Every structure is written in C-alpha cells, then in structure tokens.
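For reference, the chain that follows is the form deposited in one PDB entry, supplied as structure tokens.
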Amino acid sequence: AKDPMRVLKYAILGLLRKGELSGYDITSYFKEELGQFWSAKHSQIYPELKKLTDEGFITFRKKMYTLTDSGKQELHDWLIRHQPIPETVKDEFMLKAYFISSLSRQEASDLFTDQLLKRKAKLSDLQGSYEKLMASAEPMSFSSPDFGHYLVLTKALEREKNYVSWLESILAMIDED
C-alpha cells in the first residue's frame, strides 16, 4: 500500500514554481484558495514536504523551501503528461436523483429545491472570490501572473452555474404545467 499523502505531491511542487515559500505560506495556500479544489488534510502537508525534500525535488534553507532542478523536471513531466479522463466523482445527490421513483412529487420538489438553494449560495461565494481576484489592476490574459487562479475560479463558477441551471430545469419538470 502507498501513502495517501502522496496526493499533495504536485500541489506542493507547483506552489513552489515561482520561487521560495515558507511552510506557513504553503499551509496558507491549502487553508485558502488551493484547499477549495485540492483539499489537504492539514496533518499531511509537512510530512509530504519532508518526503519531497528527502527525494531531492525540494530543498530548504524559518525553513524556506525551493524547487530543485529535479523538482522542476518532475513538475514539468506531470504537467505535459496526457492521462485518460478519470472516473466520474461520486455525487451523492445524483444517486438520490437516480432513485427519485421512491419520492412523491412534493418530496422530489423539496429535495431538489434544497439542493438548488444550497448551490445558489455556493455560487454567490464563488462570485465573490472571482470579483476579489478581478479587482487587480492588470487586465486578465494568458500572460497575467494570476491566469492560473482565474482558470480554477472560472471553472468552478461555470460548474456551479451549470448545476443550478440543471436543477431549475428539473424543478420545472417536477412542476410541469
């Protein structure tokens, strides 16, 4: 069996791509933006940092961490590797939807309406984060330092907007004329 903390490997190497960071800084990215789409069990971060140092991908000199040439190559190879798209992530709400025959029209309406209100609230939160990012002076483009952050935030916004739209469509079918 392999160590579950290995899931943090490329997240850690990537965070270091632009230059040195303290463990505090790294831990901070996980507590903030990076933890929203690549959650860490915070107990795993320092141990994985140690493993990557010991494997020669990261060095340190507070301790300040940087990529080695080996680390840079390790991150580059992973970025450019093509992998099949993975298996669909288990969405428990969608398993419920699959079994909707076990609910009355009203029960189905209440289940879907609960999910819609929750997803609209999440979308409001993402929209806030997006507006915060976009409050920067430099217009957004491929060359912006913040382009990767823009990519993750716009993906999440589109994702939740699409979930909301789908739920509204189903509610209209549950509430057919």
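All residue numbers refer to positions in the sequence shown, first residue = 1. Between two forms, the rigid core is defined as the largest C-alpha subset superposing within 1.5 Å.
- The records show that residue 26 is included in the coordinate set of every other eligible entry of this protein, so it is not omitted in a third of them.
- Among other compared entries that model residues flanking residue 138, a third or more give it no coordinates.
- In the deposited entry, the stretch joining residue 61 to residue 62 is interrupted by 4 to 9 residues of the deposited sequence lacking coordinates.
- Of the two stretches examined, 92-100 and 68-76, the record assigns the greater average C-alpha temperature factor to 68-76.
- The PDB entry reports B-factors from which the mean C-alpha value can be compared for 140-148 and 31-39; the larger average falls on 31-39.
- Reading the B-factor column for the CA atoms of 21, 11, 156, 167 in the entry, the top value corresponds to 21.
- Split the chain's modelled residues into thirds by C-alpha temperature factor. Residue 174 is in the middle one.
- In the PDB entry, a CA B factor belonging to the middle third of its chain's modelled residues is recorded for residue 127.
- Among the modelled residues of the chain, residue 53 sits in the middle third by CA temperature factor in this PDB entry.
- Among all modelled residues in this chain, the alpha-carbon of residue 133 has a temperature factor (C-alpha) in the middle third.
Here the subject shifts to the form deposited in another entry, a form of this protein not shown in this document.
- Here the rigid core is superposed between the shown form and the other one, and of 26, 67, 52, 40 the C-alpha of 26 is the only one to shift by 2 Å or more.
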